[PDB]
Amino acid sequence: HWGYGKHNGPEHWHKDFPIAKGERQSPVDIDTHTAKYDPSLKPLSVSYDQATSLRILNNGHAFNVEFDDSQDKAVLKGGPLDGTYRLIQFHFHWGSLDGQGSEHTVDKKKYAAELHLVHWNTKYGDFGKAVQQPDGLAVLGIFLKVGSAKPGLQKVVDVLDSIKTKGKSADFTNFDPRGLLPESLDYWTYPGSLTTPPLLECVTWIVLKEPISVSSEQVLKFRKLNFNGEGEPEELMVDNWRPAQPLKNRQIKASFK
Ligand SMILES: NS(=O)(=O)N=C1NCCCN1
Ligand SMILES: [Zn+2]
């Protein structure tokens, strides 16, 4: 099964998932000079005041903070999107070192990590149907740089000891994802894919320009997680990022001048 190692990592995924070489794969490098301001875009509406977090899970690839998506409670609207997208989970990608870890890059710069808030289009009724559609998902991507601590991340960091290994989960109610957002909602957007198998080409990506700052100690605790299950030899969960993929026939649009 797929992973991030030399024998099962990104260069191998195309054998089981041929769409890995498709026309709208993610992530990509965002060339800031080539992206074009689009005055047709609207501000992003991020409405997370009623979000209901439930659980945090180590799935062997990353950890997911899961939300109750049985009602419009935490939704993304506006920007490039038509209609309403419900938050289902967020997770991160990160490196073994502070100079790598993001999936998207900005003028080839790698950030220490990247947060993905995953939302599905409510017109398709749930997530499994949404992933079969070209406009099924919207992923809000936020870069993490190492600097000052992000207070709203600390509850996540402090629960990681309890989900060290693959398949472990813990209650994670009453978490407010508003505390993971930067001040500005300026963004880039393009049509892409999931960055993990099955790599489905269902995503409108919305990548914020402003990174959030996290402390070195916060990201160090991400790097103490394990890819392996309990009782198995320890494999640190680091470098769980897919590199940039060919842009092919796409244009990245900017919401800002
Ligand atoms: N990293 S990612 O693009 O968000 N890929 C995902 N794969 C499975 C479903 C949700 N997300
Ligand atoms: Zn992701």
Side-chain angles (χ1 to χ4, degrees), residues 3-5 9 27 46 48 51 53-67 74 87 89-118 139-154 156-167 169-185 195-196 207-219 221-230 232-243:
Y4 291 97
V46 184
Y48 283 175
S53 64
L54 295 172
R55 190 178 75 141
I56 188 174
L57 171 71
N58 176 337
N59 65 16
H61 310 291
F63 60 85
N64 293 347
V65 172
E66 298 165 352
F67 287 79
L87 177 66
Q89 54 104 325
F90 67 76
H91 60 274
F92 304 79
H93 306 261
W94 61 92
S96 52
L97 307 166
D98 296 344
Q100 64 198 58
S102 67
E103 295 205 309
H104 293 90
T105 54
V106 179
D107 295 332
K108 300 295 172 94
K109 173 191 176 77
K110 290 169 163 96
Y111 286 90
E114 186 174 328
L115 166 61
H116 289 162
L117 296 128
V118 181
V139 182
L140 181 59
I142 304 180
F143 297 118
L144 280 61
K145 64 173 199 199
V146 170
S148 62
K150 190 69 165 172
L153 183 58
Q154 189 64 33
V156 174
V157 166
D158 273 339
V159 78
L160 296 182
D161 284 354
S162 67
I163 59 153
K164 183 175 182 206
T165 51
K166 186 181 176 192
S169 65
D171 185 288
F172 206 65
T173 50
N174 304 291
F175 179 78
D176 190 344
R178 293 179 289 189
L180 296 178
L181 307 177
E183 290 175 357
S184 179
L185 292 178
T195 71
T196 48
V207 175
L208 298 189
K209 157 197 104 330
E210 191 179 354
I212 59 166
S213 290
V214 304
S215 63
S216 57
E217 296 84 359
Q218 290 179 315
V219 65
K221 286 180 168 174
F222 286 18
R223 298 182 185 129
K224 296 201 336 222
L225 290 164
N226 284 182
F227 287 126
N228 56 281
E230 186 187 0
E232 304 176 345
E234 188 167 18
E235 304 169 57
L236 295 177
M237 184 179 281
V238 297
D239 295 317
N240 57 354
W241 51 279
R242 189 189 196 189

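Just so you know, residue 1 is the first one in the sequence shown, and it goes up from there. Heavy atoms only: backbone and side chains are in, while hydrogens, waters and symmetry mates are out.
- Shown here are the ring pair (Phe, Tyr, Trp, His ring centres under 6.0 Å) partners of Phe63, two or more places apart in sequence or in another chain: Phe92, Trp94, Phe222.
- Under the salt bridge (charged side-chain N to carboxylate O under 4.0 Å, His left out) criterion, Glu210 pairs with no residue at all, not counting sequence neighbours.
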For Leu160 and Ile56, run side chain to side chain contact (heavy atoms under 4.5 Å, CB included): C-alpha distance rounded to whole Å, both residues' side-chain angles, the deciding distance at 0.1 Å, then the answer.
CA-CA 9 Å; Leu160 296 182; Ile56 188 174; 4.2 Å; yes
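- How far CG of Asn226 is from CE of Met237: 7.5 Å, rounded to the nearest 0.5 Å.
- Residues forming a side-chain hydrogen bond (donor to acceptor under 3.5 Å, both in side chains) with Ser102 (at least two apart in sequence, or on another chain): none.
- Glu235 and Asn228 form no side-chain donor-acceptor contact under 3.5 Å, judged by distance and modelled atom types alone.
- When all heavy atoms are compared, the tightest approach of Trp241 to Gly101 is CB-O, 3.4 Å.
- Side-chain contact between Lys221 and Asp161 is absent, with no heavy atoms from C-beta onward closer than 4.5 Å.
- Ring centroids of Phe90 and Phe175 are separated by less than 6.0 Å, placing the two rings close together.
- Looking at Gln89 and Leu57, their side chains never come closer than 4.5 Å, going by heavy atoms from C-beta outward.
- Contact annotation: the side chain of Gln154 approaches that of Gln218 to within less than 4.5 Å [non-hydrogen atoms, C-beta and beyond].
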CA sep, side-chain torsions, deciding dist, call: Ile142, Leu117, side chain to side chain contact (heavy atoms under 4.5 Å, CB included)
CA-CA 8 Å; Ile142 304 180; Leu117 296 128; 3.8 Å; yes
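- The side-chain hydrogen bond (donor to acceptor under 3.5 Å, both in side chains) test with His104 is passed by exactly one of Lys109, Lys110, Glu114: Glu114.
- Across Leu180 and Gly152, no two heavy atoms sit closer than the pair CD2-O, 3.7 Å.
- Taken to the nearest 0.5 Å, the CZ atom of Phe143 stands 11.5 Å off from the CD1 atom of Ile212.
- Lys150 approaches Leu181 most closely through the heavy-atom pair NZ-O, 3.2 Å.
- Contact record, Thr195 with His116: OG1-CE1, 4.4 Å, taken as the closest heavy-atom pair.
- In this structure, a donor-acceptor pair under 3.5 Å is present between the side chains of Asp239 and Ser96.
- Summarising the geometry, atom CG belonging to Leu144 is positioned 11.0 Å from atom CG belonging to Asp98; distances are rounded to the nearest 0.5 Å.
- Listed for the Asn64 side chain is no donor-acceptor partner under 3.5 Å among the backbone atoms of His91.
- Salt bridge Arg242/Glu103: absent, no basic N to carboxylate O contact under 4.0 Å.
- With rounding to the nearest 0.5 Å, the separation of NE2 in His61 from CG in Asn240 is 10.0 Å.
- Side-chain contact check for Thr196 versus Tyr4: some heavy-atom pair is nearer than 4.5 Å.
- For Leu185 against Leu208, the heavy-atom pair with the smallest separation is O-CD2, 3.9 Å.
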